[PDB]
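Take a look at the structure set out below.
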There are 2 protein chains.
Amino acid sequence: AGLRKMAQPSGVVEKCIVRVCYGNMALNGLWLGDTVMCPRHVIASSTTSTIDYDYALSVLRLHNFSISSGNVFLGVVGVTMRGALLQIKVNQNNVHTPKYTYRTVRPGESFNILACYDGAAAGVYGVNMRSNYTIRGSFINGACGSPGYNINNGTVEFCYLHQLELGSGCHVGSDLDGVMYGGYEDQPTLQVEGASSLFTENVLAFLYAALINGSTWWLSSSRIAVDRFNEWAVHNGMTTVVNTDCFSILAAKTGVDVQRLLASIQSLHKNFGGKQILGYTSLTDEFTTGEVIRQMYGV
Amino acid sequence: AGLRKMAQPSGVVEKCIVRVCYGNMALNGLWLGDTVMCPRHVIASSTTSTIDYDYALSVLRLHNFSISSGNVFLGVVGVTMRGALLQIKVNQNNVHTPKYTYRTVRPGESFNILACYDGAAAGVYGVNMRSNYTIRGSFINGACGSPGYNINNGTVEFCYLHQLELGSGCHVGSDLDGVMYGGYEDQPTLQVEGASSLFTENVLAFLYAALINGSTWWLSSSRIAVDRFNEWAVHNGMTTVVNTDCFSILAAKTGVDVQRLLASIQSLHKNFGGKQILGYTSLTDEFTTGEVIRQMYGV
Ligand SMILES: *[C@H](O)[C@H](C[C@@H]1CCNC1=O)NC(=O)[C@H](CC(C)C)NC(=O)OCc1ccccc1
Ligand SMILES: *[C@H](O)[C@H](C[C@@H]1CCNC1=O)NC(=O)[C@H](CC(C)C)NC(=O)OCc1ccccc1
């Protein structure tokens with residue numbers, strides 16, 4: 001019993017973290033095979049104005065990099081621009097490289113953050129990509145380059161490298177192709193986050209978890225159809241429901257259909273805060289159907 | 001920016017997990033040196049009526065154990081009772097044993113859980129020991145023997161091995177000395193959790209984190225002496241405050257003294273009136289001052 005937001009174990013990723021320094025900047029990189037990937041703002045000069053990154057690369061000198069795995073320093077052979085990342089070729093292969101892939105995550109999907117400082121892992125926690133392509137992380141100065149990952153059947157799927165914090169305190173990365181999530185710029189100029197909405201398909205998963213754990217006080221007797229709910233959602237800070245086949249096994253185990261949970265969601269919006277669900281805010285959207293099925297029933 | 005309940009990286013503990021099977025029982029053990037520690041109910045022939053564990057040990061057949069680290073099987077040399085644990089001497093030293101200590105945690109303290117099934121880590125999350133010596137876990141069948149840990153200066157401090165779930169779904173372990181937290185029994189008979197109170201010093205830490213992250217709408221201009229607050233606390237489900245030295249740094253960073261936060265707690269203890277603080281709709285006691293200082297300022 002219980003429901004907790006968990007991270008997948010971090011050991012296989014920990015041995016891939018390096019410290020990457022250039023000039024006055026220091027952040028983290030991801031060392032796989034004979035390449036280190038890191039946010040390109042490590043080569044930028046200090047300025048609140050816009051950075052011409054092609055110019056910064058044109059004046060770069062390879063001997064000004066300092067890249068280290070612990071107290072072992074890696075020699076730099078070359079550098080390539082990769083979107084908002086640098087691909088740095090080094091003279092040593094990481095013998096602890098796991099089997100890995102890259103994958104760009106989509107809104108509402110969960111993954112794991114390995115928060116790193118000075119080229120070493122400090123903390124690990126699960127996150128969920130919001131509708132405005134930000135995550136609700138915890139990062140302070142020095143965290144850039146911290147990776148996000150999922151572990152799928154022995155292969156590490158890398159999906160995020162940390163890049164910046166917005167004025168609201170939420171967090172933005174790029175994928176490992178160098179594409180910034182949400183299209184935000186890797187620039188120091190002021191940008192404000194897009195509007196954020198609760199991810200309704202994840203709220204549905206959370207409410208099924210609550211039923212399985214014996215929480216029913218919030219359950220409506222009424223029903224509302226998916227498309228009518230979706231019309232209400234986009235005026236009330238919630239995302240539309242697109243996928244429902246994923247709920248079939250949860251509806252079968254609990255005896256409760258999606259239309260009943262959608263009506264419950266509308267009512268919870270009306271006395272919002274009056275009571276928690278399993279000790280959480282009643283409209284919690286950080287859990288996916290997959291995470292719930294794993295925690296309730298196993299892998 | 002941000003505040004997240006996070007775990008310390010799990011890599012050094014993952015290499016210590018083994019699968020321990022006996023008869024119809026399957027759980028997890030902790031392999032350090034040439035010893036495997038696991039909950040002694042692995043040798044119980046029921047978990048349904050009161051168990052004479054000394055008898056169970058006296059009729060044990062060493063060969064009926066199956067202990068494995070991945071696909072490496074460990075030979076059992078002998079078995080000793082250690083409180084609510086078995087101390088199993090095995091024929092191989094774990095070469096990946098980290099530097100480690102044991103320590104029994106106290107109410108209000110945080111640590112990390114590595115949830116394990118079939119002798120392998122599946123998830124990691126942070127917890128905080130309640131005043132009734134239970135934790136807010138997520139565990140299903142097969143999780144017993146999952147360890148709790150902290151890491152300090154590269155030394156692993158083991159403080160918990162998972163033992164049982166109480167009727168309400170909260171979770172109980174033993175320390176690595178074999179002493180059950182809270183004096184609960186490692187017996188299948190009926191047990192109910194004791195009364196629980198919110199840990200006020202942790203609620204204070206959370207409100208300081210909220211201030212550092214720009215959440216101030218709830219902050220009282222009024223204040224209340226620690227004396228007066230403690231009279232209210234014991235009739236309102238909260239612990240008394242005696243240590244305020246742990247807030248000196250946070251009060252200096254924010255300019256807000258403890259007495260104003262105590263008045264705010266009184267106002268917020270019933271509800272947040274429909275608003276949120278760092279995403280919460282009710283007070284949380286899961287964060288210590290140490291976690292908050294680390295996440296806001298590093299170390
Ligand atoms: C890389 O370590 C850093 C991570 C930030 C630092 C504070 N919390 C974080 O997550 N990223 C940057 O400093 C980034 C560099 C740009 C060239 C992309 N800029 C940034 O995040 O500053 C925006 C900001 C505004 C207001 C408060 C805090 C940060
Ligand atoms: C060890 O794997 C197991 C972990 C429980 C199982 C369900 N969630 C857990 O944390 N511990 C026990 O099964 C324990 C055995 C002692 C009483 C000897 N008994 C227990 O936890 O209460 C029984 C129970 C079983 C299944 C669900 C809820 C309670």
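Just so you know, these numbers use all the heavy atoms, side chains as well, and skip hydrogens, waters and symmetry mates. Every number for a ligand or one of its atoms is a count from 1 in the order of the listing. Per chain, numbering begins at 1; letters A, B, ... match sequence-line order.
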Quick note, side chain to side chain donor-acceptor pair (under 3.5 Å) partners involving residues 17-32 of chain B, not counting sequence neighbours, are B/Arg19-B/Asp118

Would B/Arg136 pass as a cation-pi partner of A/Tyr280, given that its NZ or CZ must be under 6.0 Å from the six-membered ring centre and within 45 degrees of the axis?
yes

Close approach of A/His162 to ligand 1, heavy atoms, under 4.0 angstrom:
yes

Heavy atom to atom 2 (O) of ligand 1, shortest distance: which of A/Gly169, A/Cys170, B/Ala1, A/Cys144 holds it?
A/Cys144

If you count the atoms of ligand 1 from 1 in the order shown, which ones are under 4.0 Å from a heavy atom of A/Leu164?
11 (N), 14 (C), 18 (C), 21 (O)

Is the shortest distance from a heavy atom of A/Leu27 to ligand 1 less than 4.0 Å?
no

Would you mind listing which atoms of ligand 2 come within a distance below 4.0 Å of any non-hydrogen atom of B/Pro188?
17 (C)

Subset of ligand 1 atoms that lie under 4.0 Å from at least one heavy atom of A/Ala143
2 (O)

Among protein heavy atoms, which lies nearest atom 12 (C) of ligand 2, and at what distance?
B/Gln163 O, 3.8 Å

Within 45 degrees of the ring normal and closer than 6.0 Å to the centroid, is that where the cationic atom of B/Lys5 sits relative to A/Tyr125?
no

Yes or no, since that's all I need: does a protein heavy atom fall within a distance strictly under 4.0 Å of atom 26 (C) of ligand 1?
no

Name the option, out of A/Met25, A/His41, A/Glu165, that contains the heavy atom nearest to atom 22 (O) of ligand 1.
A/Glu165

For B/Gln187, the ligand 2 atoms whose distance to one of its heavy atoms is below 4.0 Å:
17 (C)

Nearest 0.5 Å, what's the CZ-CD distance between B/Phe139 and A/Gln295?
10.5 Å

Which residues satisfy the salt bridge (charged side-chain N to carboxylate O under 4.0 Å, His left out) test with B/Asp175, sequence neighbours excluded?
none

Which ligand 1 atoms are under 4.0 Å away from a heavy-atom of A/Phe139?
8 (N), 10 (O)

Taking everything shown except A/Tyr55 itself, do over 12 heavy atoms lie less than 6.0 Å from its OH?
no

Answer with yes or no after comparing the ring centroid distance for B/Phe111 and B/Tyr149 against a 6.0 Å cut-off, counting only values under it.
no

Ligand 1 atoms nearer than 4.0 angstrom to some heavy atom of A/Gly142 are 2 (O)

CZ (A/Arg40) and CD (A/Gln163) are apart, to the nearest 0.5 Å, by 8.0 Å

Contact partition for A/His171 relative to ligand 1, non-hydrogen atoms under 4.0 Å:
side chain

Heavy-atom protein contact below 4.0 Å for atom 18 (C) of ligand 2
yes

Going by heavy atoms, is B/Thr47 under 4.0 Å from ligand 2?
yes

For the OG1 atom of A/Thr104 and the CZ atom of A/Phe158, what is their distance to the nearest 0.5 Å?
14.0 Å

Taking the inter-plane angle between the rings of A/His162 and A/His171 on a 0 to 90° scale, is it parallel (under 30°), tilted (30 to 60°) or perpendicular (over 60°)?
perpendicular

